[PDB]
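An overview of the molecular structure
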Amino acid sequence: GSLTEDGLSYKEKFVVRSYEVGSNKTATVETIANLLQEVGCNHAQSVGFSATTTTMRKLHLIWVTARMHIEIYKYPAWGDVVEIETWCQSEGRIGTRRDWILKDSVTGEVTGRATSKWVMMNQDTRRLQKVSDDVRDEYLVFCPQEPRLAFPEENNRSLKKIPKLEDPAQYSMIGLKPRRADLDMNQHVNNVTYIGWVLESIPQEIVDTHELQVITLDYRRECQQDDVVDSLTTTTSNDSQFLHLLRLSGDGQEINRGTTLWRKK
Amino acid sequence: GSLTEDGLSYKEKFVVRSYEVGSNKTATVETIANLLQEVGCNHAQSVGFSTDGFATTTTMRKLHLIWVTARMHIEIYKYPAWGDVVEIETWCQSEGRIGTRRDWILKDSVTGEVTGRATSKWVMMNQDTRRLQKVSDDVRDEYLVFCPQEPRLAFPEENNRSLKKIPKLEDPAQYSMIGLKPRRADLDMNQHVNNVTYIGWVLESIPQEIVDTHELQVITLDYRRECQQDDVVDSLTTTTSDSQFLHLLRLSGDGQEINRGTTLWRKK
Ligand SMILES: Nc1cc(F)ccc1C(=O)O
Ligand SMILES: Nc1cc(F)ccc1C(=O)O
Ligand SMILES: Nc1cc(F)ccc1C(=O)O
Ligand SMILES: Nc1cc(F)ccc1C(=O)O
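Method of determination for the deposited model, per the PDB record: X-ray crystallography, at 1.84 Å resolution.

Chain B is annotated in the PDB entry as Oleoyl-acyl carrier protein thioesterase 1, chloroplastic of Arabidopsis thaliana. Per UniProt, chain B has the following entry under Function: "Plays an essential role in chain termination during de novo fatty acid synthesis. Possesses high thioesterase activity for oleoyl-ACP versus other acyl-ACPs. Substrate preference is 18:1 > 18:0 > 16:1." Under the UniProt heading Catalytic activity, the entry covering chain B gives this text: "(9Z)-octadecenoyl-[ACP] + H2O = (9Z)-octadecenoate + holo-[ACP] + H(+)".

As annotated in the PDB entry, chain A carries the name Oleoyl-acyl carrier protein thioesterase 1, chloroplastic and comes from Arabidopsis thaliana. Per UniProt, chain A has the following entry under Function: "Plays an essential role in chain termination during de novo fatty acid synthesis. Possesses high thioesterase activity for oleoyl-ACP versus other acyl-ACPs. Substrate preference is 18:1 > 18:0 > 16:1." For chain A, the Catalytic activity comment in UniProt is given as "(9Z)-octadecenoyl-[ACP] + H2O = (9Z)-octadecenoate + holo-[ACP] + H(+)".

Below, the discussion takes up the overall build of chain B. Counting its regular elements, chain B contains 5 helices and 12 strands. Principal-axis analysis of the C-alpha atoms places the extent of chain B at approximately 50 × 50 × 40 Å. Residue burial in chain B is summarised as follows: out of 268 residues, 54% are buried. Of the roughly 12500 Å² of accessible surface on chain B, a fraction of 48% belongs to carbon and sulfur atoms. Across chain B, 33 positive and 39 negative side-chain charges occur, with their mean positions spaced 2 Å apart.

Helix and strand counts for chain A stand at 5 helices and 12 strands. Computed over C-alpha atoms, the radius of gyration of chain A comes to 18 Å, within 12% of the 18 Å expected from 2.2 N^0.38 for 265 residues, which places it in the range of a compact globule. Overall size of chain A, expressed as C-alpha extent along the three principal axes, is 50 × 50 × 35 Å. With 265 residues in all, chain A has 51% of them scored as buried. In the form shown here, chain A has an accessible surface area of approximately 12600 Å², with 48% of it arising from carbon and sulfur atoms. Averaging the coordinates of the 33 positive side-chain charges in chain A and doing the same for the 38 negative ones gives two points 2 Å apart.

Listed per partner, the contact involves 40 residues of chain A and 44 residues of chain B. Here chain A packs against chain B, burying approximately 3400 Å² in sum over the two surfaces, 42% of which is carbon and sulfur. Here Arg17 of chain A makes a salt bridge to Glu20 of chain B, at a shortest N to O gap of 2.9 Å. At the junction of chain A and chain B, the tally comes to 18 residue pairs in polar contact. When residues of the side of chain A that touches chain B are traced back to their parent elements, those giving at least two are α1 (29-46), β8 (171-176), α4 (191-199) and α5 (204-209) of chain A.

Quick look at the site of ligand 3 now. Close to ligand 3 lie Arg180 of chain A together with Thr28, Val29, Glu30, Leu203, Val211 and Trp265 of chain B, which account for all nearby residues. Looking at the residues close to ligand 3, they fall on chains A and B. Within the contact set of ligand 3, an oxygen atom lies 2.8 Å away from a backbone nitrogen or oxygen of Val29 of chain B. A distance of 3.1 Å separates a nitrogen atom of ligand 3 from a polar side-chain atom of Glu30 of chain B.

Right, let's get into the packing of α1 of chain A against α4 of chain A. Packed helix pairs are specified by the crossing angle of their axes together with the interaxial distance, meaning the distance between the axes. All names here are of chain A. As a packed pair, α1 and α4 sit with axes 9 Å apart at the nearest point and diverge in direction by 165°. As the angle between them shows, α1 and α4 are arranged roughly antiparallel. For the element pair α1 and α4, the recorded crossing hand is right-handed. In contact with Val29, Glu30, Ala33, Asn34 and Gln37 of α1, α4 contributes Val192, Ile195, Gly196 and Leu199. In terms of residue class, the contact of α1 with α4 is built from 5 nonpolar, 3 polar and 1 charged.

A word on the side chain of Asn190 of chain A. Within the secondary structure, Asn190 of chain A sits in the loop between β8 and α4. Judged by its relative accessible area of 10%, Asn190 of chain A falls in the buried class.

For the rest of this paragraph, the subject is the UniProt feature "active site" in chain A. Residue and element names in this part refer to chain A. Mapped onto this numbering, the UniProt entry gives "active site" at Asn186, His188 and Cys223. Maximum C-alpha separation among the annotated residues is 13.8 Å over a sequence range of 38 residues, consistent with a single clustered spot. With respect to the helices, strands and loops of the structure, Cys223 is situated in the loop between β9 (210-219) and β10 (229-235). Excluding anything up to four places from it in sequence, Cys223 contacts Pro178, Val189, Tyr194, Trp197, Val229 and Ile255.

The biggest cluster of nonpolar side chains holds 60 residues, and the ones touching the most others in it are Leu36, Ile70, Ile84, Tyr194, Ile195, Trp197 and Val229 of chain A. Sequence-distant contacts of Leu36 of chain A, that is, excluding residues within four places in its chain, are made with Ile70, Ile84, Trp100, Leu102 and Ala114 of chain A. Grouped together as the second largest cluster of nonpolar side chains are 42 residues, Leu36, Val39, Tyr79 and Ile88 of chain B included.

Cut-offs applied
Residues numbered from 1 in each chain as written, not as in the entry; some residues may be left out. Chains lettered and ligands numbered in written order. Heavy atoms only, no water. UniProt positions renumbered as here; feature names shortened; annotations may be inferred. Helix = DSSP H or I, 4+ residues; strand = E, 2+ residues; numbered from the N terminus. Buried < 20%, exposed > 50% of the residue type's maximum accessible area, 1.4 Å probe, protein only. Areas by Shrake-Rupley, 256 points an atom, 1.4 Å probe, with all protein chains shown as cover. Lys, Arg positive; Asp, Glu negative; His and termini not counted. Charge placed at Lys NZ, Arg CZ, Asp CG, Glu CD. Rg over C-alpha atoms; globule rule 2.2 N^0.38 Å. Contact = heavy atoms within 4.5 Å. Buried area = accessible area lost by both parts, 1.4 Å probe. Salt bridge = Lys/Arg side-chain N within 4 Å of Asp/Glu carboxyl O. Polar contact = N/O pair within 3.5 Å; in protein donor to acceptor, adjacent residues only side chain to side chain. Near = heavy atom within 4 Å. Axes fitted to C-alpha atoms, helices over the stretch in contact; angles between N-to-C directions. Parallel < 35°, antiparallel > 145°, perpendicular 65-115°, else oblique. Left-handed = near helix turned anticlockwise from the far one by under 90°. Nonpolar A, V, L, I, M, F, W, Y, C, P; charged D, E, K, R; others polar. Core = buried A, V, L, I, M, F, W, Y, C linked by side-chain atoms within 4.5 Å.

Take a look at the structure:
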């Protein structure tokens, strides 16, 4: 991978692997989300970051994902090459946004797009806050100055408030626990694991006959290594829509909420 | 990747990704086992077994047969760091008509030093009935021409760890992780639990104090029975000793053994 000519975006090609595909021999959405994270991390490395700035490290601040929105038009097949371009944009005092564009490396067609909202958090107190002027000045030089949105519609085609699923849920997967492979290098549960846990409660008949087109996921709290999660889903709807909720079974504390849109194959 | 000069082995380079590394910023053994599967699959494609099957041959597809791991043995001397390039060479060889073996050699791409070695044994399973069967003469004849004729072993030395018989762990186990269940990401393209998931499940019962102070050097894992998508697994471990452990994976519903193995850990 490499920064683009103007140094304001980053591109990388990936060859879809045997273990990265599902039953239809195309990449799973969790493989797509892993590749989004990888190209994002390579972009941060290319501009000198490690995603904190010098001022952020001094004040004990970290970036944390508040929302993830992914839309897939075609999933790349096993052995296909997918090219991903990523960039970051300032949202003033609110936080930052990272967008992605997936393309078929052979035809150049846009096969998918994604957007994510990031907020600042004190690493000690775990409390969110607004971005100061000094933090903003350290990374604004790495962002396009004029707006560049992956989703012109509303910077995610579901900017809407995701409501909280009401008990009883229509479907569920109870007692989900992370294993050591679900942890990142900092010993925290990888953000993509939560996508897998949401999708565990979708009925098999839908998975076998439909393809996932859209996923919007809010991140509220983290699941720790010793926590246990319940995944709850209710149909809200050729197209099938679902409302999702992830909560800790120990006390019912919400960790994530989301929505999914599926299209009949 | 590409076939080697004589066309009897295959090589591929991999750049270690951010999410593929553990606490010390080096590749996990589950990432290594995933790369072993990937280079094996690319070797199958390079010799004419297309992406319409999971490295199965024409006769296998016709008879509804798939590949099944019987044993996996991996030895790591140095784990590649995040962003490092590891080169893996793989080859296949029949052991008369009793075994089908796939071996691997892992190397530092720049210096050429051997950083790891692995060996595996394979049998076939009917994808519908799930009944196992040894590799048949017709299936063998389809890939024999792509295998080295003279013996070629990742572990040629006498009394090497790869040939060790593994005993069955006695109850009570010293340590355990109970109630492990696969999720959809643990399934391969044939909707079976991926062989690497069992490696993760074995290692789940290792205590944190060992993980924090030691590095995994050797893992030998026998595969006796498959864990189905609706099964629940208990992972049991006992210290046999460097630290050595004896492992057992069994279904919690009836105690049926699915795997047994051993691990060797070196102090940091
Ligand atoms: N993890 C999943 C679960 C489903 F039910 C369907 C798709 C996926 C996926 O990761 O693509
Ligand atoms: N804010 C950023 C913008 C970029 F383009 C790349 C990295 C960061 C970061 O904060 O790590
Ligand atoms: N999955 C693991 C669990 C452990 F306890 C130690 C190492 C690994 C690994 O995958 O390398
Ligand atoms: N059995 C094999 C031997 C090779 F040399 C390469 C591929 C296979 C296979 O079964 O896919």
